[PDB]
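Okay, structure first, notes after.
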Amino acid sequence: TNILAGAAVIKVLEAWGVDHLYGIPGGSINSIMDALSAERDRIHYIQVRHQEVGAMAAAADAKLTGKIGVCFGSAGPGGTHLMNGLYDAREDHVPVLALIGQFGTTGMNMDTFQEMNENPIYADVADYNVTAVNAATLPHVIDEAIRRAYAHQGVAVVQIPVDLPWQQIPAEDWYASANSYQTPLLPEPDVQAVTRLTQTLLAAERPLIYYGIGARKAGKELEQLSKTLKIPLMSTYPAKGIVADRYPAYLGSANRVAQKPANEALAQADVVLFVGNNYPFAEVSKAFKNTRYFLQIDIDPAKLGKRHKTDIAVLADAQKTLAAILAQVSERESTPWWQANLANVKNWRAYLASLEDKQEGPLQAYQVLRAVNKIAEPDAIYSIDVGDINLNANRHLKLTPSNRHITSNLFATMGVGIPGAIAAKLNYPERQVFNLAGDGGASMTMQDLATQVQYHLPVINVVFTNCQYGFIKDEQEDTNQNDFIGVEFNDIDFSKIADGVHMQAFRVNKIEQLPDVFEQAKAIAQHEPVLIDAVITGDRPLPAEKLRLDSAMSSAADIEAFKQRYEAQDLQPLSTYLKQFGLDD
Amino acid sequence: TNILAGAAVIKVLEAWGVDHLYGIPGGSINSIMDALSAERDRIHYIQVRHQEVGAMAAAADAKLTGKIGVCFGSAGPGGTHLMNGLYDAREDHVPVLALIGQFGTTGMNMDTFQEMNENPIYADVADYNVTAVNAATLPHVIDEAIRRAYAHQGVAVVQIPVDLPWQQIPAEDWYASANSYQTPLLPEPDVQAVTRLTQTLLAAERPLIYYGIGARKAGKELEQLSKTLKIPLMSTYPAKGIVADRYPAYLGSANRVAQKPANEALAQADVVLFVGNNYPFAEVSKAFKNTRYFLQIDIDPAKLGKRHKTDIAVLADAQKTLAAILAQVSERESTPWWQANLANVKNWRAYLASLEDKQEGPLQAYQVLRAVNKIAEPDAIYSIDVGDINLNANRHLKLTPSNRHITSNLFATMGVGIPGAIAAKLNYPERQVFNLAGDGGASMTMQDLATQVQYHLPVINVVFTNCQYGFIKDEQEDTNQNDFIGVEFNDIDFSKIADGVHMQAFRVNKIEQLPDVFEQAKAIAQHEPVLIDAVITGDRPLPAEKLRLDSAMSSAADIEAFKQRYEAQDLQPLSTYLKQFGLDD
Amino acid sequence: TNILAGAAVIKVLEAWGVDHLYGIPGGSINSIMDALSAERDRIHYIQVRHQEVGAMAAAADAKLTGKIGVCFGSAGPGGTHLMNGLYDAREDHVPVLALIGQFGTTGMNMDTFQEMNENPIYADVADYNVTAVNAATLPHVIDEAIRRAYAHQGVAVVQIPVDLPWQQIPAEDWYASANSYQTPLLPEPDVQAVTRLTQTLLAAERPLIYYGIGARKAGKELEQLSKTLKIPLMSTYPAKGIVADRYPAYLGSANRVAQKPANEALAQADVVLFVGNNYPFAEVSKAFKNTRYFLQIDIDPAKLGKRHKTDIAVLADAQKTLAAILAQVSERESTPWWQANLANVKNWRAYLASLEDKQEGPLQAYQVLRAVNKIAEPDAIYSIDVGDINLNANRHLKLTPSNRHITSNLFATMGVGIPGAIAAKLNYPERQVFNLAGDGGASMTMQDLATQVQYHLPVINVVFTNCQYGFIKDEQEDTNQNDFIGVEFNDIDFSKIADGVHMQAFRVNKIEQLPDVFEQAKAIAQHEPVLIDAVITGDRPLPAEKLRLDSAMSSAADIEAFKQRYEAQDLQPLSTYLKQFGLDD
Ligand SMILES: Cc1cc2nc3c(=O)[nH]c(=O)nc-3n(C[C@H](O)[C@H](O)[C@H](O)COP(=O)(O)OP(=O)(O)OC[C@H]3O[C@@H](n4cnc5c(N)ncnc54)[C@H](O)[C@@H]3O)c2cc1C
Ligand SMILES: Cc1cc2nc3c(=O)[nH]c(=O)nc-3n(C[C@H](O)[C@H](O)[C@H](O)COP(=O)(O)OP(=O)(O)OC[C@H]3O[C@@H](n4cnc5c(N)ncnc54)[C@H](O)[C@@H]3O)c2cc1C
Ligand SMILES: Cc1cc2nc3c(=O)[nH]c(=O)nc-3n(C[C@H](O)[C@H](O)[C@H](O)COP(=O)(O)OP(=O)(O)OC[C@H]3O[C@@H](n4cnc5c(N)ncnc54)[C@H](O)[C@@H]3O)c2cc1C
Ligand SMILES: Cc1ncc(C[n+]2csc(CCOP(=O)(O)OP(=O)(O)O)c2C)c(N)n1
Ligand SMILES: Cc1ncc(C[n+]2csc(CCOP(=O)(O)OP(=O)(O)O)c2C)c(N)n1
Ligand SMILES: Cc1ncc(C[n+]2csc(CCOP(=O)(O)OP(=O)(O)O)c2C)c(N)n1
Ligand SMILES: [K+]
Ligand SMILES: [K+]
Ligand SMILES: [Mg+2]
Ligand SMILES: [Mg+2]
Ligand SMILES: [Mg+2]
C-alpha cells in the first residue's frame with residue numbers, strides 16, 4: 001500500500017535506464033543512500049573520493065552514451081564540490097542530474113550545522129534548480145528534472161531535505177515518464193536552399209568544409225563530398241575522428257589546439273561551409289575576416305548567423321543536409337587549390353612523424369603519443385585532460401570513426417582525464433580506455449586513481465610530467481613582460497602516487513624505454529588499471545597560430561629560430577605549395 | 001568610416017523587423033534614446049507612463065504576432081519596474097528583449113548615484129542576461145539576445161553602460177543575423193504511433209479531445225475530428241476560440257476559469273487525447289484520476305508524460321498529427337455519450353443566455369459581456385486582465401477563429417489589460433480592440449490610459465467595478481475562518497480617471513443603460529479610445545469547480561441553496577443526460 | 001494546547017511593535033490574511049492598490065521612525081510588484097520585512113498555476129531570503145528575518161507556502177526575541193585622533209564641515225561649531241534640515257540637487273571635515289580634487305577612506321565626536337573666508353526669494369513651493385518624489401530640525417511621494433504631511449491616492465505638472481545630439497484623477513491663484529486628503545553644476561546667456577566676494 005519516497009525515487013532512476021551514479025554519502029543524504037542500498041542489484045552506486053570527480057564522470061557518461069549522467073553530494077561542501085563537473089555539463093550541453101543533500105524540513109532555516117539555503121548556489125549552472133518540500137511529489141520532481149535535463153541538454157539540480165525520502169507515500173500514485181521519452185525531431189533541409197548552397201560551394205575558387213560535432217553522424221558524407229568535389233576538410237578539435245585522421249585532405253583544426261594546414265588554408269579560403277559547428281574562436285581570432293561567402297548548416301536556430309554573417313543558412317540536420325548536397329553533385333577534376341592543400345598536409349604529417357619516430361634520447365610528449373598509438377586498439381576511447389595534451393593529442397592520435405575521445409571542450413576544466421576514463425570503462429568494459437593527462441591536471445584529481453583500483457576499472461593512465469603548467473607557461477612567454485610565475489613547479493612521481501593507491505605503474509624518462517613499458521601496460525590493462533608517468537622535456541610544441549616559415553611574412557632570423565626550436569627545418573609554408581600550383585597567396 | 005554603436009544597435013532592431021518598442025528615458029539610457037531619436041521614421045518609440053506597462057506590452061506584442069517584443073528601462077528603478085511584464089513573458093514563453101540602462105563604465109563599481117551591479121537583478125527571469133562592456137561588440141550582443149529570445153522563447157536582458165552607445169565603431173564590421181532566421185521543416189508525424197493512438201481513441205466509450213494553444217493551427221481538424229467521430233471537445237482557457245464557441249460539442253475549459261460541461265465530462269471520460277496542452281491544474285486537481293488511457297501529442301520533449309502517466313505520447317506538430325488522424329478515420333454514428341454531452345452543453349448555454357438576456361435592473365458582469373458581444377466585430381481582439389473577468393469572459397465571449405484574446409496565462413499578473421490592448425492596437429490598427437479589466441487590475445495600470453490617448457489608439461476599455469478583489473473574496477469565502485480582509489474597498493470612478501487623461505468615457509450601473517452607451521463607445525472607437533466603467537453587483541459567479549446539482553453526490557439542501565445563489569434552478573447535472581441516453585454515471 | 005502557525009506569526013509581529021503593514025491579498029497568502037483578520041485590534045492592515053506602494057510605504061515607515069516596515073505580496077506578480085520599494089529599502093539601508101505568498105507545499109515544484117521557485121527572485125535585494133518549509137519553525141523564521149533586517153539595516157524576505165500558516169503548532173513553543181533588542185553603548189570617541197583632527201581643521205585657511213544624515217543627531221553641535229569657529233556648513237541633500245535652512249552659513253548641498261554656494265565653496269576649500277556622509281558623487285565629480293586635507297568621522301568601518309584619500313578617519317558616533325571637538329575649541333574671530341561665504345549665501349537667497357516672490361503671471365515651480373512654505377506647520381513632514389522636485393524642494397523649502405523630509409535617496413525610484421506620505425500620516429496622525437511630486441512620478445503611483453481616501457489620511461498632495469520628465473529633458477539638452485525624445489508628453493489633470501478617487505482637489509496655472517487654493521487645502525487637510533495640481537512652466541531651474549557667472553572662468557557671452565535664461569542677472573560668483581574680503585580665487 002505504501003512505499004518509501006526514496007525507494008520510489010530510485011525506481012524513477014531505474015525506469016530512466018540509469019545504470020550507475022556517483023557520489024559520497026553524508027548524514028544529509030543518508031536517506032537516499034538507504035534507498036540505494038536496497039537497490040544495489042539493479043542500480044550501481046560508485047563511491048568517488050572527491051565529488052568533483054563524480055560530477056565530471058556523470059558529465060562524461062552523457063558525453064559518451066547520450067544517457068543522462070547522475071551524481072550527488074551531501075549538503076554544503078559535498079554539493080559545492082560538484083561544481084566543476086556541473087559547469088562542464090552545462091557548457092558541453094549534456095544532460096546531468098545532480099542531487100544535493102539538505103537538512104530535514106524541521107531544521108531548515110534554523111541556522112543549524114552545515115544548514116544553509118542551498119538553492120541560490122546552483123541557480124546559475126542549472127537548467128532546473130529546485131528544493132523539494134514534499135515526499136509524495138518527490139518522484140515527480142526527480143522525473144521532471146530528468147526530462148528537462150534531456151530536453152534542454154543541461155543540468156538539473158534537486159536539493160532534497162533528508163527527511164523526505166524516509167517518509168511513506170502511496171505506492172500506486174507515483175510514476176516515471178521514461179516510457180514517453182523521445183529525442184528532438186530532426187529538421188529537414190529546404191530543397192531550394194540546399195541547391196543554392198551547393199551552387200555557391202561549387203563556384204568557390206578556394207572552398208573548405210569546416211565541421212564540428214554537430215556533424216558526428218555525417219562522417220561518410222563529409223569524406224565523400226571532399227573526395228568527389230576536391231574540397232579539403234577541416235574541423236573543430238572535438239570533431240577529430242569523425243573523418244579518419246588518415247584521410248589525405250583532412251587539414252585538422254584551427255587556432256591553437258590546431259594543425260598548421262587548417263590555419264593556413266582557412267586564411268586563404270573564399271567560401272566556407274560551416275556545418276554543425278560552434279567554434280568559439282571565430283570572432284576573436286577574425287577567422288573569417290577574408291571569407292567571401294559563409295554557408296551554415298545547424299539544427300539550432302540560436303546558432304544561425306552567430307559566428308559570422310551567413311549567405312545561406314540551413315536549419316536542418318547535418319547528415320540529411322550533407323546527403324542532399326552529395327546527391328546533387330558529381331565528380332569534379334582536381335584543382336590547384338586541392339593539390340596545394342594535399343601537398344601541405346603531406347609536409348605537415350611528415351613533420352609530425354619525424355617527431356614520433358625518434359628512437360632514443362630525452363623523452364618528449366610526441367614519442368609518448370606514438371607509443372600510445374602503437375598499443376591502441378582500433379575502437380579505443382580516450383579521456384583527455386586539459387593543457388598541452390589537447391594540442392599534442394589532437395596532432396598525434398590516429399583516430400577513426402571507431403574511436404571516441406572526450407575532454408572538457410568549452411568550460412575546459414582540468415582534472416577531467418581521470419573521471420572521464422572511469423566513465424568510459426563503466427560504459428564500455430570491453431573497450432580499451434586511456435586517460436591522457438598533464439601533471440597539473442592529473443594532480444587535481446589524483447585521489448580518484450583509487451576509484452579505478454576499487455572498481456577494478458582497467459584504465460591506461462598516461463601522465464605527461466613536465467613539472468610545468470606548460471600551456472600557461474607558453475602564454476606567459478607570449479604576453480607577459482616580467483619573468484615566468486606560477487608555471488614551473490616541483491616534481492610529483494605519479495608512479496609512487498599509483499603505488500600509494502595500489503595501482504601498478506611505471507615511470508619513464510627516455511624514448512628507448514617506451515616500447516617495453518607500453519607493452520607491459522597494455523597487458524596489465526586486460527585486467528587492472530595501470531599508470532605510466534612519462535617524464536618529458538620542457539620543449540614548447542610548435543605554435544600553429546604563430547608560424548614563422550614564410551619569407552613574405554617573417555625575417556630570415558625569426559624563421560631560423562622557429563625551425564631550430566621546433567625541429568621544423570623541413571616544414572614549408574602553404575604559400576610554397578600555392579606557388580607550385582600557380583596560385584597567389 | 002564609423003557609426004555610433006547606438007545607431008548600429010537600432011539598425012540591428014530594424015533588421016529584425018521591430019516596428020515599435022516601449023520605455024521611459026533616463027540619463028542612464030539617454031544614449032540609446034539619442035539613437036532612437038534619429039530613427040523615428042523606421043522604428044516607433046512608445047513612451048509609456050510606467051515601465052511595467054512597456055514590458056507587458058512587449059510580451060503582448062509577441063503573444064499576438066510571434067515577433068519579439070522590445071522594451072527598456074533606465075538604471076535601477078526603471079528596469080525593476082519591468083519585472084511583472086518580464087515574468088509574464090517568461091511564463092507565457094514568448095520572446096522579449098529588455099534593455100536596461102546602466103552608469104558609464106568609468107563610474108561602475110564606484111557606488112555612485114543609482115549605480116549598482118544590475119546583472120543579478122535579472123538572472124532569474126532571463127534566458128540570456130548580460131552586461132555589455134565594449135561598444136564594438138554591442139551590436140552583436142543585441143543580435144545574440146534577439147536570436148536567443150526567439151530560439152528559447154523567453155526573455156533576453158542586456159544591461160548597457162550609457163557611454164558605450166555614444167562611442168564610434170567601424171561602420172563595416174557589425175551585422176545582424178535576422179537574414180538567417182527561419183522556421184524548421186519537420187518530418188511526418190510518426191506513422192505507427194499515430195495509428196496506435198488513433199485505435200485507442202476510437203475504442204473508447206467516453207472519449208474527449210482536450211487541447212491547448214499548441215493546437216492553435218488545428219482548429220479545422222479539431223472540429224472535423226469531433227464531428228466525424230462524435231467526440232466532444234474541451235480546451236484550456238487560453239485555447240478558447242481556436243474552435244468557435246458556437247460549436248455544439250465544445251464543452252469549455254476545466255477547473256475554475258471553466259465551464260460546467262467540461263468539468264463534468266472530464267470526470268467521466270475513459271480516454272483523453274491531450275494535445276498541445278500544458279494544463280497546470282492537472283496533478284493538483286487530480287483531473288485525470290478516473291481516466292483509463294491518456295494519449296498525448298506535443299512538440300516539446302520536455303512535456304512528454306509530464307502531466308499524467310501517458311500510454312502513448314507522440315512527439316509531433318499538433319495540426320499535422322490531427323490531420324493524419326483525420327485521414328485514417330471516417331464517420332461514426334452518434335453515440336449516447338455524444339448525445340448526453342450535446343444536451344448538457346445546450347442546458348449550460350441556456351443558463352448563460354438567461355443571465356445575459358436580462359433587460360432591466362442592477363447591472364451584473366453577465367449583461368456587460370452580452371453588451372460587448374453585441375458591439376464586437378468578428379475579428380476583434382481582446383486584452384483581458386486577471387480576476388473574475390477571466391472566468392466571465394471565458395463563459396460569455398462568443399469567439400471564433402477570427403478573434404484573438406490574450407491575458408497573462410500563467411504568471412497571471414493583474415494590470416495586463418491596458419498594455420495588451422495598447423500592443424494589440426499598435427499591431428492591428430484596423431482591428432477592433434477591447435481591454436476587459438476588473439477594477440483592481442485596471443487600477444494597477446490606470447496611468448497608461450494616457451498612453452492610449454497620446455498615441456490615439458482607439459481601444460474600447462471596459463472596467464468591471466465591483467469595489468472588490470472579487471476573485472480573492474470568493475477564495476476567502478471558501479477557505480478562511482475569519483472575516484473577509486483586503487477584498488472589499490472604496491470606489492474609483494474610472495469615467496473620471498478617463499476624463500483626467502482626456503479620454504471620453506461613461507459610467508453605467510443599470511442593465512437598461514447598456515445598449516446606448518455601448519453603441520456610443522463603438523462609434524467613438526472608430527477614431528479615439530473610450531472607457532466604460534460598469535458598476536456591477538457583488539454576485540459570485542457560479543463555481544464550476546463546486547457544483548451542487550446531482551442528487552447522488554449532494555444533499556437536497558445543498559442543491560437548493562446552490563440553485564438559489566447562482567440563479568441555476570434550470571441547470572441539470574450531466575448525470576441526468578447520461579441517464580436519458582442510457583449511460584451510468 | 002495549540003495555536004495556528006499564522007496566529008503565532010502575527011504575535012511575533014506584535015511583539016516587535018509593528019503597528020501597521022501593507023499588501024494585497026491573494027489565494028497564495030490567504031492564510032496570513034486569515035491570521036491578520038483575527039488581530040485587527042492590535043495590528044493594522046493597510047490594503048494598497050499596487051504592491052509597490054506597500055513596499056515603498058514600508059521603507060518610508062522605517063526611514064521615519066527607525067522601526068521595521070512590513071509589507072507583503074501574493075505569489076508571483078504580487079511579490080515582484082514589491083521590487084521598487086524593496087530596492088529602495090536596500091539602498092537607503094532601512095529595515096523592511098517582506099512576506100511573499102507561495103503555493104502550498106503539496107503543489108510546489110509541480111508547475112501548477114502561478115507556482116514557481118520564488119527564492120531566486122529576491123536573492124539580490126535581500127539581506128535574508130528564505131522559503132519556509134515547516135509550520136512549527138515559521139514563527140522563528142519570521143523572528144529571525146526581523147532581527148536580521150534590523151541588525152543589517154536592510155530587507156528580509158520570507159516566502160511562505162500557504163498551507164503552513166493554517167497548521168496547528170504547540171502553543172508553548174514559539175517565541176519572539178523583541179525583548180532582547182537593544183542599542184549599543186559606545187566608548188568615548190578616540191581622544192588622540194579627535195584632538196589631531198581638530199588641529200588640522202583649525203589650521204585650515206578655507207575650512208568646510210560637510211555632513212550627511214549620519215550627523216542627524218548632531219544639529220546643535222554642527223551649528224555651534226560653525227558659529228564658534230567661523231566655518232561654513234554644507235550637507236548632502238538628504239541632510240537638509242538637520243541645521244535650519246535659515247542658518248546664515250548653511251551653504252546647501254553639492255552637485256545638481258544642490259545650491260550654488262556649496263558647489264562654489266567646495267571647489268575652494270583646503271580642508272573638509274566629512275561627517276556621517278556617503279555622498280555618492282564624490283569620485284565621479286572629482287569633488288575633492290583641490291582639497292589639501294580630508295578628515296572623516298563615520299560609525300561604519302566600511303566607509304573609512306571610502307570616498308577620498310583620508311588624512312584622519314575617526315571611527316565614532318558623529319554627535320559624540322562633534323561634541324568632543326566643541327569641548328576643546330573656543331571662539332575664533334570672523335575671517336575673510338567666513339565673510340565671503342556669508343555674502344555669497346545672502347546673494348543666493350535673494351535670488352531664490354526673487355523667484356518665489358512673484359505675485360502674478362505664469363506659474364512656476366518656485367512660487368508653488370513658496371505657497372507650500374506659507375501653509376506649512378513648523379513640524380511638517382514632506383514626502384518628496386524624484387525629479388526636478390528634489391532640486392526645487394532642496395532650494396525652496398524652509399526646514400528646521402522639527403521637520404522631516406524623505407525621498408528615495410539613492411535608488412531614486414519615482415513614485416515614492418504618495419507612499420511616503422501614507423506612511424508619514426500613519427505614523428504621525430497629528431502632524432501635517434505633504435506629498436510633493438512631479439507629474440511623471442505622481443502618475444506612476446496615482447492609484448494609491450485612493451488609499452489616502454480609504455484610510456482618511458489627510459495628506460496635502462502637490463503635483464507639479466510640466467507635461468515633461470523635466471529632469472531628464474534637461475539631461476538630454478546637455479548630452480544628446482538628436483531631438484528630445486520621451487521627455488515631453490500629454491497632460492493629465494490630477495484634479496480629475498483626485499475626483500475619480502473621491503479626493504477634493506484643485507488645479508491652478510497662475511501665480512495669483514495660489515494663496516486662496518493653498519489656504520483651502522490647508523483647511524481641508526485638517527480632516528481629509530487634498531490634491532493641488534499645479535500647472536507649471538517648462539523653465540529649466542538654474543544648474544548649480546553649470547554656473548556661468550565668473551568672468552575669469554566663462555566668456556561674457558556665456559554669462560549673459562546664463563543670466564538671461566535663469567533670471568540670474570543679480571547673482572554674483574563667489575570670486576566677487578572672495579575678492580571683496582581680500583582672498584584670491
Ligand atoms: C584547452 C583547450 C583548448 C581548445 N582550443 C581549441 C582550438 O584551438 N581549436 C578548436 O577547434 N577547438 C578548441 N577547443 C575546443 C573549443 O573550446 C570548442 O569546444 C570547439 O571548437 C567547438 O567544437 P564544436 O563546434 O564541434 O562543438 P559544439 O560547440 O558542441 O557545437 C556543436 C554544434 O553542432 C550543432 N548541432 C548539433 N547537432 C546537430 C545536427 N544533428 N545537425 C546539425 N548541427 C548540429 C549544435 O547546434 C552546435 O552549433 C579547445 C579545448 C580545450 C580543452
Ligand atoms: C486568473 C486565471 C485563472 C486561470 N485558471 C484556469 C482554469 O481554471 N482553467 C484553465 O484551463 N486555464 C486557466 N488559466 C490558464 C492556465 O494558467 C494555463 O495557462 C492554461 O490552462 C494552459 O494553457 P495551454 O496548455 O493552452 O498553454 P501552454 O501552457 O502555453 O502550453 C502549450 C502546449 O502546447 C505545446 N505546443 C506548442 N506548439 C505546439 C505544436 N505546434 N504542436 C504540438 N504541441 C505544441 C507546448 O509544448 C505546450 O505543452 C487561468 C488563467 C488566469 C489568468
Ligand atoms: C533625483 C535625486 C538626485 C540627487 N542628487 C543629489 C545631489 O546632487 N547632491 C546630493 O547631496 N544628494 C543627491 N541625492 C542624494 C544622494 O543620492 C545620496 O543619497 C546622498 O547625497 C547621500 O546622503 P548621506 O551621505 O547623508 O546619506 P547616506 O548615504 O545614508 O550615508 C550616511 C552616512 O552616515 C554614516 N553614519 C550613520 N550613522 C552615523 C553616526 N551615528 N555617526 C557617524 N556616522 C554615521 C553612515 O555610515 C554613512 O556613511 C539625490 C537624490 C535624488 C532622489
Ligand atoms: C581547474 C582549472 N584550473 C586552471 C585552468 C587554466 N589552465 C588551462 S591549461 C593549464 C595548464 C595545465 O597544466 P598541465 O596539466 O600540467 O598540462 P601541460 O600544459 O603542462 O602539459 C591551466 C592552469 C583550467 N583550465 N582548469
Ligand atoms: C499584480 C497581482 N497582484 C495580485 C494578484 C492576485 N490576484 C489574482 S485575482 C485578484 C483580484 C482581482 O481583482 P479585480 O481586478 O478587481 O477583479 P474582480 O475579481 O473583482 O473582477 C488578485 C488580487 C495578481 N494576480 N496579480
Ligand atoms: C521608476 C523610475 N523610472 C525612471 C527614473 C529616471 N528618472 C529620474 S527623474 C525622471 C523624470 C521625473 O519626471 P517628473 O516626475 O515629471 O518630474 P519633473 O522633473 O518633470 O518635475 C526620470 C524618468 C526613475 N528615477 N525612476
Ligand atoms: K584533489
Ligand atoms: K500604477
Ligand atoms: Mg604540466
Ligand atoms: Mg474587482
Ligand atoms: Mg514632470
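The figures here come from the full heavy-atom set of this structure, side chains too, leaving out hydrogens, waters and symmetry mates. Convention: sequence-line order gives letters A, B, ...; per-chain numbering from 1.
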- Message: Quick check on B/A316 against chain A: is it the side chain, the backbone, both or neither that has a heavy atom closer than 4.5 Å?
- Response: backbone
- Heavy-atom proximity to chain B below 4.5 Å, by part of A/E283: side chain
- Message: Report which part of B/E144 has an atom under 4.5 Å of a heavy atom belonging to chain A: side chain, backbone, both, or neither.
- Response: side chain
- Drop me the distance from B/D300's CG to A/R147's CZ, to the nearest 0.5 angstrom. 9.5 Å
- Message: Quick one, B/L315 with A/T183, criterion side chain to side chain contact (heavy atoms under 4.5 Å, CB included). Give me CA distance, side-chain angles, the key distance, then yes/no.
- Response: CA-CA 9 Å; B/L315 179 73; A/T183 60; over 6 Å; no
- Message: Heavy-atom cut-off 4.5 Å, strictly under: side chain, backbone, both or neither for B/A149 against chain A?
- Response: neither
- Query: For B/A302, is it the side chain, the backbone, both or neither that has a heavy atom under 4.5 Å from a heavy atom of chain A?
  - Reply: both
- Message: To the nearest 0.5 Å, what is the distance between NE2 on A/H308 and OG on B/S180?
- Response: 10.5 Å
- Which portion of A/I299 sits near chain B, non-hydrogen atoms under 4.5 angstrom: neither
- Query: Rounded to the nearest 0.5 Å, what separation is found between the NZ atom of A/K306 and the NE2 atom of B/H140?
  - Reply: 4.5 Å
- Task: Starting at CG of A/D311, measure out to CG of B/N179 and round the result to the nearest 0.5 Å.
- Result: 8.0 Å
- Item | Sequence neighbours excluded - salt bridge (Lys or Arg N to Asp or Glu O under 4.0 Å) pairs with any residue from residues 172-192 of chain A | none
